[PDB]
């Protein structure tokens, strides 16, 4: 585990979290508790989910100085977040859990998250439509939240040192912006189309038709009829997957869902 030892980056993450004494913060991972302490100082209360019980000495020492820290010993991928009341998440994430934890947190919901990722992962998260790092992860995150890189973090900020850069990413959930009709279908639709990101949406959906539980002949006919509903759909499905904006992907999947339900 690479612990964050540079207080300048701790400060940047905390400042970006815009904390007040009315905020309740969830932290994933304790480390030496350098971030934990700053959260404790500034927030109403901090929950720390930590998998490694050997780190108890840091926890015990922290509770002697701060009365508003609660440790939950366990695996953050296993813990039922629904049973916790918090409005913000601030963490130097274990990079191996980056993807599942991000969606688990977004599913649970929060006002704002400020999270450390590997830099490449963060770049994919915030990638603009039609660019080389734009992909399924970009759309899955941006369709549900506004995301931005707050700072690039060098290996020297950590001990022991990682091999690559990290990034602080700010996440502000945004349900209204795009409005996903059906979460399950949208997830299936995203999987199908980004299995073939350089192909047209049409050709991607035919190739990955089994991801939506249709055979290739059914899907081809479906899209013939779907294309006949309006000219906007025609232009969208003929375009390359990675070139569609998040807005257009959400709208397209919404319309396709409705089309399929009526069929």
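Positions refer to the first chain, counted from 1.
Across the two stretches, 111 to 119 and 174 to 182, the PDB entry reports the greater mean Cα temperature factor for 174 to 182. Stretches compared: 57 to 65, 211 to 219. Higher mean C-alpha B-factor in the entry: 57 to 65. Sort the chain's modelled residues by C-alpha temperature factor and residue 156 lands in the highest third, per the entry. In the deposited entry, the Cα temperature factor of residue 236 places it in the highest third of its chain's modelled residues. Ranked by Cα temperature factor within the chain, residue 34 sits in the highest third according to the deposited record. In the deposited entry, the Cα temperature factor of residue 92 places it in the highest third of its chain's modelled residues. In this PDB entry, the Cα temperature factor of residue 187 sits in the bottom third of its chain's modelled residues, the lowest group.
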